[PDB]
Amino acid sequence: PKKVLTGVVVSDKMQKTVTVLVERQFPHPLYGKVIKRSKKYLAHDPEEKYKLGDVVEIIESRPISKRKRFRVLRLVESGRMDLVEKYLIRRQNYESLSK
Amino acid sequence: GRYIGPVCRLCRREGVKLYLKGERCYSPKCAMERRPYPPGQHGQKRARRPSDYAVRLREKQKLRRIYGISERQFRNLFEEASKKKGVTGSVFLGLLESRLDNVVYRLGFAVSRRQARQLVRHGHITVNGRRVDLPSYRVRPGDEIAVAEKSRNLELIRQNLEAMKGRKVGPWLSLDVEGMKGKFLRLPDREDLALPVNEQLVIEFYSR
Amino acid sequence: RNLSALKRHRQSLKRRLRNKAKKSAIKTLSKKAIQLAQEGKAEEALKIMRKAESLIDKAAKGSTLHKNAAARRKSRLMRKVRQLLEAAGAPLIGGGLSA
Amino acid sequence: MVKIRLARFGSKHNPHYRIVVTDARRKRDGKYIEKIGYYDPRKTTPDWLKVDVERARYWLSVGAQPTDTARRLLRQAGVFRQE
RNA sequence: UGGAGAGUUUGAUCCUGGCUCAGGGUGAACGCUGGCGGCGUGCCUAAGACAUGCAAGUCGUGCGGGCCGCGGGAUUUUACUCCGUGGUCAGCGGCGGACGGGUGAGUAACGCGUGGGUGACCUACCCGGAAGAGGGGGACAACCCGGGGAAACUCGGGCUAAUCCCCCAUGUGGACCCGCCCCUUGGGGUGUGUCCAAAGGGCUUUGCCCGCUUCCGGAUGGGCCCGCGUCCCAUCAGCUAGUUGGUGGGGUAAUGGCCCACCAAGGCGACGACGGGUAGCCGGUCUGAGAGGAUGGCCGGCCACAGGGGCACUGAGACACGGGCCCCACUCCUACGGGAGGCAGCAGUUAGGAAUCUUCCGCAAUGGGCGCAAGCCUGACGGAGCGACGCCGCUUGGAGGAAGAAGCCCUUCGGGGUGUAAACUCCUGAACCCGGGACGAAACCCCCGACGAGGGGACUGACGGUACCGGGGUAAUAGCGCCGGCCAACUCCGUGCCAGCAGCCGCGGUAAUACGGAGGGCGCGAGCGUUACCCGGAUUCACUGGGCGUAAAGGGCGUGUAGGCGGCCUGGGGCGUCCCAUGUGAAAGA
Ligand SMILES: [Mg+2]
Ligand SMILES: [Mg+2]
Ligand SMILES: [Mg+2]
Ligand SMILES: [Mg+2]
Ligand SMILES: [Mg+2]
Ligand SMILES: [Mg+2]
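Residue numbers (UniProt numbering), protein chains in the order written: chain F, 2 to 100; chain L, 2 to 209; chain X, 8 to 106; chain C, 1 to 83.
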């Protein structure tokens, strides 16, 4: 069955496209503890419809670009800017890590 | 393979009578009557207090030296016995005891295991009628172990099979003396054997 | 040191040539048709399309252009032509279009 | 064109074939689509030929050609024998 | 059904802790030694270079010729010409050359593994089903006649067949545009319009066989995409312009910045981007009590490569190991203009190296390509050969045989040891000789039947005069390591911190069970040792299963970012977690 993934929209800065952060969590093969881990997907939003902070389902799809390979199936809930907030700060930590 | 050298000479060293000659090892020596001590220049100086290791060694030496099977072959049989279901110490005994060359001897067709082994190599033995020249051949229960009718003549087959006329035989064996043949009824139960040998120690020698 | 199936080469060359040839017609004729529609030509622009259509189908009879590379070409062409004609006036006479 | 054919198992001077459906192009002893029988030419056992005839009939139904010698064995187990 | 530890820091002790040994393994190599067989296995190094032979063809039942024959005819005049047939050689045309076989160079990646997606696709030959093949026309090799080149070869001119190419027809049908319906990514259905088929051959000749064409399905094989998984270095921290997305093209069988134009300004990264190193991945293999560690040779699956680098053509399929073009490096021929070539196919040579095989036999079997078949091709393969490289089986005798030869060794001079060992008696009879002698092979095919089912018949064995069976028959090979402790096995000489041993601890300075020899002893045995490498023990990277006051180890102290962790009660949800069913988990291996 075409994979269905649910995540948070963290970018509408592209035409007909959204970046979706999908968290995943599981037992660590050796050390046991349940650990989180995530991935951004670029998903197809043809009616520039879903916006920054929406939770969406993402569905395994016939390719649209190099790297566009999922389409936005539906919307789960609006608003969730905390999640976007989380991602953004984590992103800015990065400056405070080089030389 | 197989040993070939001085023998009622470990009837010695291993401390105890192995009948390896059999015929003589019954009568004023397995060499072991005249000198019940280890061989060589030192063999009757005061016994060294032997190590936990030494002990385990000699004991397996003893057991193996009884059936004159070689270390390689002995070891394979043991590993076979370990991985097999049931009490490994015993099973091993069952298995050594299933070697044709030993059974040929247990049935009395020969007076020793080394002599028995030759009768097997030289075509003098059958199993269920069909001929078999492998000492290592595994005898299973129900198998009939004949002298080869062609061999039934020789001064040896005569003498030994005659000698058996009076003789009693293994609870796990049967032997029709007249028709020069035996049956292998079941594999021997530890109790059926009277071996001068503590097998639990042998198992122990194959730990470390 | 003399493998007699370099005969395969000899034929390949002949075939290469026969193909090259068929395809050249197809291109130069399609060009011609869509050029004519770009100028709003009922009769003449379809008249030619109709030939090109045919010439393609024929090409797909054997090895040249087999398949539905055929089909692709036909589609692309009778889209192009059709649109270009309504992009000017004039609709009618003849042709391989379902009106 | 897929095939019912022989596939060599066993050992040296000890052939045992497996009767297998497989693509024509595939190596002799390679990956097959189904085992559907076996065959020991030296008949060393009572059990020297065996064929899943319902299965043989299916593959034939979908158009696999047996080797000449495969069909020999097939017939012998009565794949073709009718009414 | 599974888990052993020991030596070594001190005068002694307990503890930390490293080093070391005992076990298992190997595509090994090296030393001493070496009898037989079966089954495995054998360039780990230079993906260095390669002499020679062989490794892919086949079809005359698609077609027309050339050359060498033979035989019939027309004329009764011998020239000229028609027909039939046998060699043989290519050519046109098909199907195969994309499989099979080789290697691991590159590749850290959708390459591989595993589970999914394709409404985004392809599939020659095979099977099933529906419907067809009616007219015309053409050319290019062969062959013939010329020219250029040393050679490779090559340029022109003329003739000609076909299942070669084209045109018109028929349109079961299918393709495309537009519409409408169902369905939902480009999936079905339908209506105008347009467009698209074909090839003949054989005959046991009016009726069958091999083919051809369109289309719908099947089967097998493949492309593309996605989730998850997949080594070392952070003393590599920022990276990115087809870059990230878009709209429209192009290209493909098909999606896609795959490619292009135009617009937008984006994408990626401490959950490690980028960079560097190393590396084919897996099924498995070895080891371990297990968790784990290590590994990917043989066999099977996938990938990638074919002197190095580009690239396309042809085709169902290749961007093609034994096809093509160009650049480069090499070797060869050259009449100096130019040409030929590519063992990581089987053998084999040479180089490198500690080291790795026969220029064997056969298409008899299995499997593959073409063929209606007979058949042909097949260094795939089935065998044999070399190497104790590995595993397994077997031999070098068996029973007698002294209070116990000789020699050698010890000796408190009584004796003690090698030792039932030898001698010697009988017995058996590896080797070797004679006789017979396989299975592996019943199909294709032919006959009967009906070219079906079924029945009958014949041909065929490289291994091989081998295996195996019967008869005869000789007492017929033993080596290597070790004996201070760990670790099984002790004595005499020699030697004097020398010569030497040595895995660790340590032996040797004139009485050495530790060096060298000898007697004797322990261990294993056609082997035994050594070196290298992997796991073990090592709970010594500690998830299972470790630690940090003085043994190595708390950051000089705070603040608080990410992150990790989170009191008590109730309700929803059901992501984690748990349960049932089910699919998957190929074969090999276990
Ligand atoms: Mg010390
Ligand atoms: Mg100290
Ligand atoms: Mg000390
Ligand atoms: Mg220690
Ligand atoms: Mg510690
Ligand atoms: Mg400290």
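Positions of the beta carbon are idealized from the N, C-alpha and C atoms, including for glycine.
| Item | Value |
| --- | --- |
| Does the separation of the CB atoms of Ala77/C and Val53/C fall below 7 Å? | yes |
| Look up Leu96/L in the DSSP assignment and say whether it is helix, strand or coil. | helix |
| Within the same chain, show all residues whose beta-carbon is closer than 6 Å to that of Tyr138/L, passing over the 5 residues directly before and after it, in chain order. | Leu101 |
| According to the neighbour-count rule (16 or more other Cβ atoms, all chains shown, within 10 Å of its Cβ), is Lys81/X buried or exposed? | buried |
| Pull up the CB-CB distance for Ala64/C and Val21/C, whole angstroms please, since I reckon it's below 8 Å. | 6 Å |
| Does DSSP put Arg28/C in a helix, in a strand, or in coil? | coil |
| Would you be able to state if there are at least three C-beta pairs under 8 Å between the stretch 68-85 of chain X and the stretch 4-19 of chain C? | no |
| From which residue to which residue does the beta strand (DSSP E) around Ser175/L run? | 174-177 |
| Sorted by chain position, which residues of the same chain lie with C-beta nearer than 8 Å to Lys31/C's C-beta, five sequence neighbours on each side aside? | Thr22 |
| First and last residue of the beta strand (DSSP E) that includes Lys37/F? | 35-45 |
| Flag this pair as touching only if the stretch 87-103 of chain L and the stretch 11-30 of chain X have three or more C-beta atom pairs under 8 Å; answer yes or no. | no |
| Alpha carbon to alpha carbon, what distance is there between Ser11/X and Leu91/X? | 54 Å |
| Apart from the five residues just before and just after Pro197/L, which ones in its own chain have a Cβ nearer than 6 Å to its Cβ? | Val17 |
| Going by CA-CA distance only, name the one from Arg159/L, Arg3/L, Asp193/L, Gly44/L that's closest to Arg13/L. | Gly44/L |
| By the DSSP assignment, the beta strand (DSSP E) with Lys69/F in it spans what residues? | 69-78 |
| What is the C-beta distance between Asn129/L and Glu145/L, in whole angstroms, given that I count them as a contact (C-beta under 8 Å)? | 5 Å |
| Ends of the alpha helix (DSSP H) at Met56/X? | 49-66 |
| Excluding sequence positions up to five away, which residues of its chain have a Cβ less than 6 Å from the Cβ of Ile36/F? | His29 |
| Given a cut-off of 7 Å on the beta-carbon distance, is the pair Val73/F and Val85/F in contact? | no |
| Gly33/F and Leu22/F: beta carbons closer than 7 Å? | no |
| Given 8 Å as the limit, is there contact between the stretch 106-124 of chain L and the stretch 169-176 of chain L, that is, 3 or more CB pairs closer than that? | yes |
| Could you tell me the alpha carbon to alpha carbon distance between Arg10/L and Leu135/L, rounded to whole angstroms? | 27 Å |
| With DSSP collapsed to three states, give me the class of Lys50/F. | coil |
| According to the neighbour-count rule (16 or more other Cβ atoms, all chains shown, within 10 Å of its Cβ), is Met33/L buried or exposed? | buried |
| With a threshold of 8 Å on Cβ separation, who are the neighbours of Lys166/L within its own chain once the five nearest residues in sequence on each side are excluded? | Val178 |
| Measure the C-alpha to C-alpha separation of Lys30/L and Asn199/L and round it to an integer number of angstroms. | 24 Å |
| Taking C-alpha atoms, which residue in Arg187/L, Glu81/L, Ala111/L, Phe79/L lies nearest to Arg159/L? | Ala111/L |
| One question on the structure: do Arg57/X and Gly103/X come within less than 7 Å of each other, judged by their Cβ atoms? | yes |
| Inspect the beta-carbon positions of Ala40/X and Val88/X and report whether they are closer than 7 Å. | yes |
| Which whole-angstrom value describes the C-beta separation of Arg5/C and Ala70/C, a residue pair presumed to lie in contact below a C-beta threshold of 8 Å? | 5 Å |
| If you count every other CB in all the chains shown that lies within 10 Å of the CB of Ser28/L, and 16 or more means buried, which is it? | exposed |
| How long is the line joining the alpha carbons of residue 125/X and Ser19/X, rounded to whole angstroms? | There is no way to answer for residue 125/X, as the model of chain X reaches only from 8 to 106. |
| Here's the rule: buried if 16 or more other CB atoms are within 10 angstroms of the residue's CB, otherwise exposed. What is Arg25/F? | exposed |
| Can you tell me the Cβ-Cβ gap for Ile59/F and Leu6/F, rounded? I've got them flagged as a contact below 8 Å. | 4 Å |
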